[PDB]
Amino acid sequence: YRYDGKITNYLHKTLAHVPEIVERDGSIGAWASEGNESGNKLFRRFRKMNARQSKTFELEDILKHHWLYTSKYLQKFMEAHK
Amino acid sequence: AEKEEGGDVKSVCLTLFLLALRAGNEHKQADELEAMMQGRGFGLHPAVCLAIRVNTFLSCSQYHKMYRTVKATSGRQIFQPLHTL
DNA sequence: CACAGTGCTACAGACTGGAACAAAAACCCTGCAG
C-alpha cells in the first residue's frame with residue numbers, strides 16, 4: 001500500500017546496486033561522505049576561534065589553519081609514541 | 001635522624017647538598033636548586049596550571065593531551081597532572 | 001559497522017624492604033695444553 005508506485009531513492013539504491021559496487025570498488029562506506037562532513041564541525045569553530053576576523057582575510061586563515069589541523073606530521077608528534 | 005630530629009627526612013639531605021655544590025663553585029646550579037622545593041612551583045605551582053587551563057578555555061581531555069605531549073617530548077614534564085589540579 | 005572525545009569514576013598499573021637467590025658480566029686466575 002505504501003510501495004505500490006513509490007519508493008524512496010535510497011531504498012531502491014540499497015536494494016539494487018550495492019552488491020555490484022562492493023564487487024567493483026572492493027568496498028564502500030570507507031568512501032562515505034562522513035570524512036567530509038564531519039570536518040564541517042571544524043569549519044564552524046575555525047570560523048570563530050581561529051578567524052581573523054574580517055570578510056577579506058577570514059577564509060584565508062580558516063583554510064590555512066584547517067590544513068595545519070589535517071597534517072599527519074603533527075599528529076605523529078601528538079601521539080607521543082605511546 | 002633520631003638524635004636531632006626524629007623523622008625529618010628532607011632537610012638533612014638538602015642543606016649538605018646545595019652548599020656542597022656551591023663549594024667548588026660555578027653558581028649556575030644554585031638558582032635551580034634554591035628554587036627546587038618550597039618557592040615556588042618547580043615545575044609550575046598547580047594554581048598557575050589550573051588558571052592556565054580554566055582561563056585559556058582548554059578542555060580537560062585537551063589539557064591532558066597537551067600534558068602527555070610536553071611530558072614525553074623533552075621532559076622534565078612541566079604541567080601538573082589532572083588529579084592534582 | 002564514523003569518530004574524537006565528554007569528566008569523574010573505577011583500580012588497573014607504577015612504587016618500598018630485606019632477605020637471598022641466581023645469572024650474567026667481564027676480571028683474575030689457575031689448570032692443562034703446542
# chains A, B, ... in the order shown; residues from 1 in each chain; ligands from 1
>>> interface_residues(of="chain C", to="chain B", cutoff="9 Å", atoms="only C-alpha atoms (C1' of nucleotides)", output="list in words")
residues 5, 6 and 7 of chain C
>>> write_last_selection(atoms="C-alpha atoms (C1' of nucleotides)", output="JSON list (two decimals), in the first residue's frame")
[["chain", "number", "residue", "atom", "x", "y", "z"],
["C", 5, "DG", "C1'", 36.04, 12.98, 22.86],
["C", 6, "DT", "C1'", 32.82, 14.03, 27.30],
["C", 7, "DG", "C1'", 34.60, 14.36, 33.26]]
>>> closest_atom_pairs(of="chain B", to="chain A", cutoff="10 Å", atoms="only C-alpha atoms", output="CSV")
residue,atom,partner,partner_atom,distance
B:65,CA,A:78,CA,7.8
B:66,CA,A:78,CA,8.1
B:68,CA,A:80,CA,7.1
B:69,CA,A:80,CA,5.6
B:70,CA,A:80,CA,8.7
B:71,CA,A:80,CA,8.9
B:72,CA,A:80,CA,6.1
B:73,CA,A:80,CA,7.1
>>> atom_distance(atom1="CA of residue 37 in chain B", atom2="CA of residue 11 in chain B")
10.8 Å
>>> interface_residues(of="chain A", to="chain C", cutoff="9 Å", atoms="only C-alpha atoms (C1' of nucleotides)", output="ChimeraX atom specification")
/A:34-35,38
>>> write_last_selection(atoms="N, CA and C atoms", output="compact mmCIF listing (two decimals), in the first residue's frame")
# COMPACT_ATOMS: atom_id res chain seq x y z
N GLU A 34 31.13 10.81 5.12
CA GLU A 34 31.32 11.09 6.54
C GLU A 34 32.63 11.84 6.81
N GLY A 35 33.69 11.43 6.10
CA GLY A 35 35.02 12.04 6.19
C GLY A 35 35.14 13.46 5.69
N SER A 38 32.02 15.64 8.56
CA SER A 38 32.43 15.80 9.90
C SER A 38 33.29 17.01 10.06
>>> atom_distance(atom1="CA of residue 57 in chain B", atom2="CA of residue 79 in chain B")
15.8 Å
>>> residues_around(residues="residue 64 in chain A", least_positions_apart="2", cutoff="12 Å", atoms="only C-alpha atoms (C1' of nucleotides)", output="list in words")
residues 43, 46, 47, 50, 51, 52, 57, 58, 59, 60, 61, 62, 66, 67, 68, 69, 70 and 71 of chain A
